[PDB]
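First comes one chain, alone, set out as structure tokens in the form deposited without the partner chain.
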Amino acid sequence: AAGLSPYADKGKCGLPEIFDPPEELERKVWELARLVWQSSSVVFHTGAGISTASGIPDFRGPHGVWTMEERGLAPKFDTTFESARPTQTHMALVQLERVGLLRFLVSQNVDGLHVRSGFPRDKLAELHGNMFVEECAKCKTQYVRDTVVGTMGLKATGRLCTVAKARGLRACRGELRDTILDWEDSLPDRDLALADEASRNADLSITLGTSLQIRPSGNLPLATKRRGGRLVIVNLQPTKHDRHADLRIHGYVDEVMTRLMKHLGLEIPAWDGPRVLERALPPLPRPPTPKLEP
């Protein structure tokens, strides 16, 4: 958290977790599988809760980084960012995207795991940054790195731009900066615009592991509802937009995505290691029609 503003509003931290009882849970995940299948345009919105299984703390859960700071304590990192492994949720999103069942992914996560899982960059908006990505302040070229860039808050990293310029081939030499927003920084223009278009034209927005307290990210899923679509919120704690959910699921997100993939006859791929993909591969064909809840 180094060099960052100490003036931030941290929101509501430490709310207790709720656990849907198993029968209710199984029935809600069947309903989810149906709306995924019936929906043409499906948009996912992910926050810190989809990376807790990998050892990275959230911000506002019972043991979140903000929650611990309010109460005098430091947080507990089990894993480093470099050694963190994509979860079954991350890998399930790769596969959903492969078979046409995911249109776009909006993430508030700076952990680099979507990118490292193999999720195509062109269907991903990292609205708050990525610890592995630095950007040239002069020509806006991004560099995806294998280790974390070392600064946060849109500061200079100490490295310079290596791009050969269209006329004359001379290195740009612009200042490289981290892409990690501080509190009250402006969101990335293009990524926000794309996340907004996707969210406005969706039939179904599904949120996973966000409490939706931060804007404008936290509000993109409402846009969906505004234009006739449905909204599914999956989170252990309550979320700010609970009252607008068509379907709420209080359970572990790995657990929901495992059952959801079972109900749609999809295999969740294993993760070979960090593998950056710039452009979505050609679609695998839509799956064979899934079976029903007896």
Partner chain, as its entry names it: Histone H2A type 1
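Residue numbers count along the first chain shown, from 1.
Absent from the display: the form solved in complex with the partner chain. The rest refers to it.
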Stretch in contact in the entry with it bound with the partner chain, which is absent here, among 142 to 150, 96 to 104, 82 to 90, 160 to 168 (heavy atoms within 4.5 Å) | 160 to 168
Does the partner chain come within 4.5 Å of a heavy atom in each of 138, 173 and 183 in the entry with it bound?
-> yes
Counting only heavy atoms, which residues in 219 to 246 are within 4.5 Å of the partner chain in the entry with it bound?
-> none
